[PDB]
Structure formats: structure tokens, C-alpha cells
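> Pasting a structure below so you can have a look.
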Amino acid sequence: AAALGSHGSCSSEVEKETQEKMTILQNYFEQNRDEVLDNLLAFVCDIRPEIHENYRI
Amino acid sequence: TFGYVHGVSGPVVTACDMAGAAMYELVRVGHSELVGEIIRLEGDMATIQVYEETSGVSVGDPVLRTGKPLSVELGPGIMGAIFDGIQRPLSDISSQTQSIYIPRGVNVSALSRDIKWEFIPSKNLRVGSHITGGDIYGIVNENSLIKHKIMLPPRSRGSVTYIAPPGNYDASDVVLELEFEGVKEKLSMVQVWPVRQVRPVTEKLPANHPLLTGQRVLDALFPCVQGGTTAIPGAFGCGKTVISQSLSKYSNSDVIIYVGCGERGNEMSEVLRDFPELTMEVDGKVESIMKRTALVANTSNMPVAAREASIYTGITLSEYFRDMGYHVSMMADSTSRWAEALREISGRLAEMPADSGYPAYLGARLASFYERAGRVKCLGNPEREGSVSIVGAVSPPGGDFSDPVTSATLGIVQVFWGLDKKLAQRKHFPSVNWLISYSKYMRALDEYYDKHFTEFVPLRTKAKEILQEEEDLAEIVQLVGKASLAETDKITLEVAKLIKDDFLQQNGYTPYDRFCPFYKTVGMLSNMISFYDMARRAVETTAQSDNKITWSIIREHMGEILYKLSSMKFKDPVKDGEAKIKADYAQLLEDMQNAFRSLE
Amino acid sequence: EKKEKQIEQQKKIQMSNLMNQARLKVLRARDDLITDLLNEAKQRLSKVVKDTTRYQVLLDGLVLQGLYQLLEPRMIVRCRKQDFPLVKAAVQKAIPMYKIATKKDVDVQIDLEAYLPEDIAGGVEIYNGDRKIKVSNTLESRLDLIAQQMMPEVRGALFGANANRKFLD
Amino acid sequence: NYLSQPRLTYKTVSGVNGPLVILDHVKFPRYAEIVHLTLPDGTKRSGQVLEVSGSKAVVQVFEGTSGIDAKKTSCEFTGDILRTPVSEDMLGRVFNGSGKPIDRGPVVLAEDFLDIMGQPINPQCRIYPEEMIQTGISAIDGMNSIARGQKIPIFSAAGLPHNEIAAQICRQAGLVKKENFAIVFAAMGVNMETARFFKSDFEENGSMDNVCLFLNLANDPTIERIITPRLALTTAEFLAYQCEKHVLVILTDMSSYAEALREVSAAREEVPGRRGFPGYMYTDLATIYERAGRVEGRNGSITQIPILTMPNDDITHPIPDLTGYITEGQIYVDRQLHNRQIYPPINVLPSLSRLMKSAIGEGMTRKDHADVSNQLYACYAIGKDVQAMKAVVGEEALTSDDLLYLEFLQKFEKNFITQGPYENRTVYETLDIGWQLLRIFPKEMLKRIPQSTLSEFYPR
């Protein structure tokens, strides 16, 4: 019964900690997504054309 | 100049524009500079066995030819270095990369540049002097114990055009320039040698002096000569470390090399951790053995070529130190794991299996390796002798000597120190089985012993006979009990037990047995055998008498001599002078003679 | 007596049944957020291609880059129909740079008969003359390729560096 | 930085031969390059380049070549070798042989990419193994104790319960507790029942937050079975040597892996070596097994326990033989014990942990432990000798001393070795069971133990 009586408390706690972690993710996401996207988009949009370096001539 | 990759299949890389290559020429492959050896030419195409994993090599990648076959850089900075089997410095590949791995595509120079050393040019030389391979044109003081003698490479010769003055120099400095046939050769303290080629000598000599290990059983009953070839059955249950540590931390050998053929990863790190902590006494100072060695360590996962090269790098380093006039000694931790690297490279080469799986050449590779040992007159002019002693461990499956590497090794080596798990389970350290073990160098040490220890050959002969007689008598003891044996047999068994327990056995952790000098060893055995002959005299002299002497009467009236004989091991070469030890042993001879006279 | 020890593991089991799923929902959230950052990036690329100035600079790159991989005597560029004038300019600027870098002549065509699907967020495909070898240089392809390789930098910047990374080795 | 250049795709399938597809007119191919084949019907398949030569690239396709053709087939090249996306979030999760997850969770957000082939750990940097891992099975922890950083295979045979032992180690394993430990369990050639057993038993019996589970099924394509060990070890190297975690890697059947090296070597047309295995099988198993040990300046540590089905029960077979050469021990599962319904049926006589004396002792476990294990081995050995004597001489001919060794033997198999699938005995509970048996003897019969240790632990 000491283990069994802990289950509902643990069930609520894992949801609380999931909601907190997902909130932390959403906060980090909203704080960082702009800079991250701008970096990726800039690398997409900066082509830097190169030949393969093994080309002899 | 350089070629280009044409194809790859597993570790085998085909290249093109290789027209100027040679078979077994060393090559760098790929943008990451992977190491490999050419194993076929096909015209302007060549096939390279790559060592490291070829994953990510591309067609059209560069293939730089190295101007040399597989080779060892030789010079200052060897001492205390740890190399792998293809001569890459594992201590520096650590400290320079700050990584726990060997990165695929290492290019670190084997003897580290920019490190200056104190170089003394040989003050006897002048510009215009004649010079030849093996001439000591200078010395590098790289460590207090080992003056590194520089020498002209064996292929080089000519007249000195310039020599550096005394000072601090490194591998990039042109220490020497010489001319021959109108052509100048520039030279450095670093020298290079093909690893599979013997370094030549003025004359290979007959070996005639003991490689004193400070270990009674070895040094007395199975002496290995300096320059001798020997094997140890290296297996976990028998304590192979005992011999290899004792050889390094005491034995009469100026420089040690140790080759990890292909050891288990942890057991290799055990050695590399532990050896730096060993110390030996020199000039009344205590110093780390890393002043007198270099370790060529390969774990089982190092490339197949690095395992099969391991012993050839080791011997090449050892021959370079031999040509400085040192009595080098080289361990190989498992010639069996080197023989597996042979099986694997022959498997990749698709060569036919000979004995049990091994290549046809396994016996010839072993034999042409072991022949690199011996005492020699060096090349060049200062006339010095040197040697390489080879201590090649073997690991026969279940102890079965019919195993091809073990069988060929016992065919070639002149000494076998047969360690035994039974003796180790009984804690009979050094645990060498004296019945199985042998040395073919007995004859060759007659000259030495006749000069320095003229009684010792009689003593050794008697000792082996006494122990052999006890092994035969033990069958009678099992059949009919100790009570049934003759008095001569009973005293022989008691003395053989004394020899076994208080002479063969030696506790190398104790201050008195951590090492054991040869004079100590002789004096201990001399007393035990002098006691045997006088005890046996009293027994046999009282054959057919009314009162007959027996071992029990000897133990009753003079068991103090038996107690003293067992006690003779405690004498200490540090706290007791050599003369004091000899005097105590001479006193025990007088004591026992007077005690025997009280009976007969 | 053994069961009275085992109930501590039953507590750990019930904890694991809950925890192991709860953290999978956090991981699912992480990957959804990355997937939405890629969705926003694809939307932003679909905005960028509406500027003919920057889009010309993109095509000038993407075309020349395709050619520099597929070194051949004859090549075909495939593009969306409406982009063709910008692509033609890109090909005409790329051919000189092809000769300069490759040291060999080329014939390049745009396949006006076989335009790419209109819903692609711009960029080009390039095929060799045999139509047996191709390279795909759509902005969506580069976004997938670069986002996949930069994923550790994405994670580390987006959700912060993990303090357990004591060594980078 | 990264491959900023776009991926080529070819229709140039010049041939197909068993599991191989031969592209031609290929531009600068890499050996071991990953490719994505697309069938005529649009089905994606992975493959890797198994050979290259001039214009040709021989891809081994992962799945069989069923449905490939010389025309409508197309083949994208990634430009790169196989890198695993790796992270600490690979704990608590279940992966197929390719490293695609199958626990219904999302794809891995890599904390870094790593080369799956790894690199050799520098022998200067490897550090000696010197503190015990508790596996909880008494026949391991009290007789064959594992130093963290040891490699020690469980040899077994077809039909024996080595998969239940492997699962029991994976649930029970951890630090001694005089938090920062995680198993990586990798399984190859697993029949789908045994794969359900691992996935289900690990998810059920509390383990998952400290384990990574790689499954390669028996019918997963054979190159994925070669990939899985390297994949798992690449994760273990990340967890240990970058994230400071202690790790135990469990490899479930190295024989099913040797059975894969056969196929890939035949795919290269290499001539078969000793007993039909590749000649380089020693090096390949070393490049699996030696991805292990502690290292200089990291708290992290990889142990390995390779489970290994000896074909035909033969220790001379190359798979156990080579493994015995590379790894610092062996643990033998025995059909004699399994038929007696003893579980776990580890035979403690031929088993040996070569690092035991550095795993265990004072501070690391308990002071007595190194003494007790020698004595238990001696009593079990003399017990077996006496049991053979009883069968010859009959009970009344036994001495009082023999009857003690026989009573110890009986109680030792029925209490020390026998443990059941969920009884997680600590080292301390194993030693207390060791004393509960050794106390059957008169104090003076326990001749391997020091008189001090007896005076400190023989009293109850």
C-alpha cells in the first residue's frame, strides 16, 4: 500500500513536469527560433558553388 | 609527382599514375592521409593495402608516395616514448590532439621536431676527415643514464664537409654534411631505416656472457646469454609479468625495448600504466626505468599491419641501440598475437593457408626475426660491441606446443622459461617449471663460469640431478610411502625440497629477494649442495655399520644447519656488504663441516 | 520476505510506466518544434523567391553549383515555367564560370517542354544530356540537407547546450 | 563545416547481382558511401557502396534487390559515409538495426553526428579497469566479478537461457552503492519472439530510463546486423567519453554477427578463411570489442559483456576462440545446469574474470570479497570431486569432511547459483549468501581465507 498509494501523486507529477518542460521548450523556442531560422535560411540562401576537388585539370 | 585513387574494395585501394612506385613502398591515401603499403604493381597502376579504415576514401583522391618502404625514424627522443607498431608516438598523438583516440589519418612525425637536445660533436673529427656507416660523429645527452650516440647511417660514407659545433640542436638542424663521388649528402640527428631489413654488422659474434636477471631459478638453472633468444609461455594463470618486470627493473642490459604485439586492451594499459612507476638503482640514485626504454604498444584493435610490424619496429629500434654499443634487451608480449596478424594479412592477400591457418612463411618470418639477436661488433670505427636479447613470449592453446607459432618458436629459441599455472596456484614464484624448462647456452657460458665461478657448473649439474631424483622418488613415495625409501633417497628428497622452496622460489616483493645477485645465488646453492654431499657422505659412509646415519639424526643433531640453509635467502646486498654475505656463507660451510664431523 | 523487497521495484515500475511515456511526450514536443521551425523556414524561402533580386542570386548559385557537380559536354536544366527568364539569365551567367573553373566547353539547355511542378518553393533541377544522371537543387532540398546536418547546432542553440557534455571528443 | 553541396541521383544501374546493384558513370564515389535506392514503384531502400572502381560503384542494398531494374530504378548518393545521429536522449528508447527508432517516439535530435566506424582509443589514454560493476547475478558478482572497463563474454550454446541472463543483467546492472550509469544493449539475429521478450521485459521491469536498446531481428537484412554493434558502441562512446556516464554494453549474440560477416565477405567475393569465416575476423571483432575501457581524464567507462553462442557447444570454434583471445575473461552457461533447472545456469568452474582482483576488495565492495570468491571456488570444486567420489564409493565410505563438501555443493547450487529471473541480489546479499554457505564448514577448513577475515566475518 505504500507503493500503491504513491501512484496518483506520481501520475500528476509526471504531467506537471511534462507541462513545465514543454513550457520551457516553448519559451526557448519563442526566444531562439528567429535566430536559428535566420541562420539556416542564410546557409540555404548562400550557395557557394564548388567543383569536386578531385577534378584534375 | 603523386598518384590518384582508382578503386577501393574493403581495405585494398587501387591507384593510378603510380608508375614510379615500388612494391612495399609506403603510401599516403586520401585527403585524410591514411597509411598503406603497396602490395602489387600492374604497370602504371598499383594496389595499396590501406591500414586504417578506408571508409570515405574517394576515386580521384590524392595518393602521395613516401620515398621509403615501411620504416622507423631513429634518433633522440626515443627514450620514454610510446609508439605503435608503425612508429607513431602515442604519447604525442594524445597530448597534441587533446583526444582519447588515435584520429584516422595521423601525420605526427615520429621523433618530435623543435625539441632541442644537447649535442656534443665527436671532438676527434675535422672537416676533410674520412667517415663510414656506424661512425659515432657525436653524442646527444638526452637522459642522464643513456648517452645517445649519434651515428652515420649504414648506407652513407664519404668525407666530412661540415660538422656542427657543440650546442643545442633538433631533427630540423643539418648536424652533418659529407661528400662522396662529388655529391653532398645532408644529415640530421634523425636517421631512417627500412623496418624489414636487418641493420648490418662488422661481425656477429658467439654469445658468451649471462643476461643476469637477479632471479635464482633463471640465472642458475636456465641461464640466458646476453644476445640470446628465449621464449616464455605468456598466459594469465602463470604470472608472465614476473620475468618481464624483473628483466627491466634490474637485469644487466643497458636499454630495454618492449613490444606489444597485439595485447588485450586492458592488459596493454596495465603495462603502459605500470612500467613508468618502476625504478632501478644507478650510481646510488633511484630513477624511473623510462630513462632506459621505449614501448611499442599495440592493442588488438590497432591495424593488422601495425600488429605484424610491431616486432619488426621493436627489433629495429633494438638494433639501433645495439649499434650504439649497448646490451639491449627486447620483450615481445605475445608472438602468438603477432602470428595472428600474419594470418590476417595473408588472408587479405588471399595467400594459401599452410599449417593450421598460418602463412607458409610463418616459420621463416619467426626465424629471420630471431636471427636479428646476438652480440656483434658494430659498424664504424670506435670498435664497440653491443647486443640484442630477444624475449619472445608465446601463448599455446591449452599449453599444446604443437601450435605452429609455439612449435616454430621452440624450434628457433635457445631458452624456454616454462612458467606453469600449477606452480602459480601453489604460489611457487617465480613459478618456472624446471622439468619443462631448458637452456642451450650452458656450453656457451662455460668460458665465463670457468673464469668467475669455477665450481658453479658442478653445482648446477648436481642441483638439476637432485631435483630430477626427487621427481622420480615421488612415484615411489606414492606407491609405498616416504617411510619405504632408502636413507640416501630420503635425504635427497629433503634437500631437493630445500632447493625447491628456498633456492628456486624467490619472493620479489621482499627487500632480500626483490633482486638476487649472482654471487649470492652461487653461495646459497654451494651451501645446499655442500650440505647434500656431506650429509650423503655420512649416510653412505655408515652403510653396513652398527649405527647408521639418517636425515632424522642430521635434523636432530644439526637441524640448525637446515634452518640456516633456509635462512640464507634473507641476506641483503644493501644492508650487508658482499664480503659480509660471503663470510656468513663461508661460516655456514665451517659450521656444517664441524656439525657433520660430530656424526662422521 | 522477497516480495517485501520487490515492492520497492514495483514503485520504480509504476514510476517508469509514467516517466518513460511522459519524457516521450517531451521528445515528441521537441521534434514537433524542430519540424515547425523547418515549416516556418520553408514558408520564409517561399517568401524569398518572390524577390526577383535575391532569387536571381540564388539561381545564379544553384544552377552553377549543379553544373560544377555534373561535369559533362551537354546538360539540361529543369525549372518551374514562371521562373524561366530568371533561370535563363542564371544559365547565361553560369556558362562562363563553368568554362573558367572546368577548363572545358559545354552546351546547356533549359527544358521548356518539361517544367517542374508549380508548388515547389523555387530553385532548379539539373540533368545530364542522357537524362541518366541528375542533381536536385530546389530550396526545399537544401533546407532538408542543411537542417539535417546542422541539427546539433540547431538543438544546441534552440534548446540550449546540455551541461553533461563535459568533453567534445 | 558540413556538406553544403547538393546530392546527385543516378539511373545508371549497369547490373544487379544478388544483394548488389552496380551503378556506373558515377562521379567521384566514396567507398562506404550511403545511397537511397528508389524502386520502379517509388519504394525507398537504403544501400551502401561496397566497392568503387573508376566510374563504377557497387552498392550493397540493405533490403534484397527484389524489384530493382536496369532502367526505372534511381539511386541518390548522400556524398557521405554512415554517421549516427547520437544523443543522451537515446536512453529510455528502442531502435532497429539501422538506428531508426521503433518505440513510437520521434527521430533523434543529434547532440552530435559521429562516424559509426569509430576510431581506435589511444593506448596511452586507456586506463586500467579498477572498480566493480554489480550485475546482481551471484554466479557473476561473487565468483567472476566484473571490473568496470573489463570485456567479459558470456559463452553459451543453442537453446540455453543466455538471452534471459542477458536481460537479467540489463535490468539489474548498476554501480555498487557503497545515478550516472546506463546500459547499451544491442541484439543481433534475434527471432521476433526474443525481440518482444527484450523490449517487453525492459519496458515492464523498471529498466528503461537507464538503457538504450538496439534490435536487429533475424529477418532484418544482414548488413544491418553488421551495423548494429558499431551503432551501439558509437552510442556507448558518446555516453561514456563525452557525457561522463558509466556504461555497460551487452551484445546479445556475437555468433549471429559472425554469421553476418560471412555474408558481407561473400558479397565482396572474398575467398573464405578458417572454418569459412573471413580471415580478418580477428581484427573485426577487435574493432568491436576494444571500443571499451576507462580513459585518462574522463569519469566515463565502457564495460562489455558479449553474449556468444558457441556453435555445436565447441570452445575451439573461431567465434569463441577469437573472443577468448581479445577479452579479459569468460563466463560459461552450461547445459548440465540448465537441464537440472538451475537458473541462471552459469558454471562457476571454467568461468574466470581475469580482472577480478582489481574489481573487488576493501572500499570497492567489502574487505572479505576477494577471499570469499577463492574459497567458494575451492569448496565448489572439492564438492564436485566428492560428488563424483560418492557415486563411486557409496555414502557410508565418505568422511565427515567429504560430507561437509557435499552438503556445501548441494546448498551452493540450490542457493548461490540459483537466483530466478527477477531477484536482484546486491554484492552484499551475494557475500552474505557466500558466508551462509561457508559457515557450514569448521572455521579451520576454510584454508584459502585469512584468519583475520574469518575472525571478522565467520561469526554471525
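We label chains A, B, ... in the order they appear in the C-alpha cells, count residues from 1 in each chain, and number ligands from 1 in the order shown.
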At a cut-off of 6 Å, which residues of chain A touch chain C? Count only C-alpha atoms and give the answer as number ranges by chain.

A: 3, 28, 32, 44, 47, 49, 51

> To test your reading of the structure, identify every residue in segment 216-465 of chain B that backbone DSSP assigns to strand (DSSP E or B), and report it as a count of residues only.

50

> Give me, as a tab-separated table, the closest atom pair and its distance (Å, one decimal) for every residue of chain A within a cut-off of 12 Å of chain B, counting only C-alpha atoms, rows sorted by chain and rising number.


residue	atom	partner	partner_atom	distance
A:52	CA	B:60	CA	9.8
A:53	CA	B:61	CA	8.4
A:54	CA	B:60	CA	5.1
A:55	CA	B:60	CA	7.5
A:56	CA	B:60	CA	8.1
A:57	CA	B:60	CA	11.9

> For the selection just defined, write its residues with C-alpha atoms to a file, as a JSON list (two decimals), in the first residue's frame.


[["chain", "number", "residue", "atom", "x", "y", "z"],
["A", 52, "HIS", "CA", 34.51, 18.45, -56.64],
["A", 53, "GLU", "CA", 38.16, 18.81, -55.50],
["A", 54, "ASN", "CA", 39.28, 15.60, -57.26],
["A", 55, "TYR", "CA", 38.70, 17.28, -60.68],
["A", 56, "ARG", "CA", 42.22, 17.06, -62.18],
["A", 57, "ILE", "CA", 42.51, 20.00, -64.64]]

> If we count only C-alpha atoms, what is near residue 506 of chain B at a cut-off of 8 Å, once residues fewer than 4 positions away on the same chain are taken out, given as an MDAnalysis selection string?

chainID B and resid 215:216 428:430 502 513

> From the DSSP assignment of the backbone, select every residue of chain A that is alpha helix (DSSP H), and format the answer as a ChimeraX atom specification.

/A:7-44

> What residues in chain B have any atom no more than 10 Å from chain C when counting only C-alpha atoms, and can you write them as a list in words?

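Output check: residues 97, 98, 99, 100 and 101 of chain B.
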
> Tell me which of B:221, B:549, B:436, B:306 sits closest to chain D, counting only C-alpha atoms.

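The answer is B:306, which sits nearest to chain D.
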
> Can you list, as a list in words, every protein, DNA or RNA residue that comes within 9 Å of residue 319 of chain D when you count only C-alpha atoms, leaving out same-chain residues fewer than 5 positions away?

residues 254, 255, 258, 281, 308, 309, 310, 311 and 324 of chain D

> Within 8 Å of residue 47 of chain D, counting only C-alpha atoms, which residues qualify if same-chain residues fewer than 3 places away don't, as a short mmCIF file (atom, residue, chain, number, x, y, z; two decimals) with N, CA and C atoms, in the first residue's frame?


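Output saved as result-v8.cif:
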data_model
loop_
_atom_site.label_atom_id
_atom_site.label_comp_id
_atom_site.auth_asym_id
_atom_site.auth_seq_id
_atom_site.Cartn_x
_atom_site.Cartn_y
_atom_site.Cartn_z
N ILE D 34 26.74 6.05 -48.24
CA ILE D 34 25.34 5.66 -48.17
C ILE D 34 24.56 6.22 -49.36
N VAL D 35 23.68 5.40 -49.92
CA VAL D 35 22.80 5.74 -51.04
C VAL D 35 21.36 5.38 -50.71
N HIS D 36 20.41 6.10 -51.30
CA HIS D 36 18.98 5.81 -51.20
C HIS D 36 18.48 5.37 -52.55
N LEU D 37 18.34 4.06 -52.73
CA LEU D 37 17.73 3.47 -53.89
C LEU D 37 16.24 3.77 -53.89
N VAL D 59 26.90 -0.86 -55.11
CA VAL D 59 26.15 -0.69 -53.88
C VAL D 59 25.70 -2.04 -53.39
N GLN D 60 25.90 -2.37 -52.13
CA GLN D 60 25.09 -3.38 -51.47
C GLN D 60 23.80 -2.72 -51.01
N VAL D 61 22.65 -3.16 -51.50
CA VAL D 61 21.37 -2.63 -50.99
C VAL D 61 21.10 -3.27 -49.64
N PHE D 62 20.50 -2.54 -48.70
CA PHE D 62 20.23 -3.08 -47.38
C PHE D 62 19.19 -4.19 -47.48
N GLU D 63 17.95 -3.89 -47.84
CA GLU D 63 16.99 -4.92 -48.23
C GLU D 63 17.49 -5.70 -49.47
#

> Hey, could you make a per-residue contact list for chain D against chain A with 12 Å as the cut-off, showing the nearest pair of atoms and its distance in Å to one decimal, counting only C-alpha atoms, sorted by chain and number, as a tab-separated table?


residue	atom	partner	partner_atom	distance
D:1	CA	A:43	CA	11.3
D:2	CA	A:43	CA	10.7
D:3	CA	A:50	CA	11.3
D:4	CA	A:47	CA	7.7
D:5	CA	A:49	CA	7.7
D:6	CA	A:47	CA	9.8
D:27	CA	A:52	CA	9.0
D:28	CA	A:54	CA	7.3
D:29	CA	A:54	CA	10.6
D:30	CA	A:54	CA	11.6
D:79	CA	A:52	CA	10.8

> Could you name the residues that touch residue 403 of chain B at 10 Å or less, counting only C-alpha atoms, but leaving out those on the same chain fewer than 4 positions away, as a list in words?

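In the requested form, the answer reads residues 336, 355, 356, 394, 395, 396, 397, 398, 399, 407, 408 and 409 of chain B.
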
> At a cut-off of 8 Å, which residues of chain B touch chain D? Count only C-alpha atoms and give the answer as a PyMOL selection string.

chain B and resi 6-10+53-60+82+90-91+93-94+100-104+236+263-270+272-273+297-304+340+343-345+347-348+350+357

> Could you list the residues in chain D lying within 7 Å of chain C, using only C-alpha atoms, and format the result as a list in words?

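Residues satisfying the distance criterion: residues 2, 4, 6, 7, 8, 9, 10, 11, 12, 92, 105, 106, 109, 110, 111, 112, 204, 205, 206, 209, 242 and 243 of chain D.
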
> Taking 2 positions as the minimum chain separation for residues in the same chain, which residues sit within 6 Å of segment 107-116 of chain C when counting only C-alpha atoms? Answer as a PyMOL selection string.

chain C and resi 74-81

> Compile a residue-level contact table for segment 139-247 of chain B against segment 461-479 of chain B at a cut-off of 12 Å, reporting for every qualifying residue the shortest atom pair and its distance in Å to one decimal, with only C-alpha atoms counted, rows ordered by chain and ascending number, as a tab-separated table.


residue	atom	partner	partner_atom	distance
B:217	CA	B:463	CA	10.8
B:220	CA	B:463	CA	9.5
B:221	CA	B:464	CA	7.4
B:222	CA	B:464	CA	10.3

> Those residues you just picked out, can you put them in a file as a compact mmCIF listing (two decimals), in the first residue's frame with N, CA and C atoms?


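The new file again05.txt reads:
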# COMPACT_ATOMS: atom_id res chain seq x y z
N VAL B 217 66.25 -19.06 -9.99
CA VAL B 217 65.89 -20.16 -10.89
C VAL B 217 66.34 -19.92 -12.32
N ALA B 220 70.54 -19.35 -12.45
CA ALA B 220 71.27 -20.57 -12.14
C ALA B 220 70.96 -21.70 -13.11
N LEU B 221 69.70 -22.15 -13.16
CA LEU B 221 69.36 -23.41 -13.82
C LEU B 221 69.10 -23.26 -15.32
N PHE B 222 68.71 -22.08 -15.78
CA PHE B 222 68.39 -21.84 -17.18
C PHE B 222 68.94 -20.51 -17.67

> Atom CA of residue 381 of chain B to atom CA of residue 190 of chain B: how many Å, to one decimal?

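So the answer is 20.0 Å.
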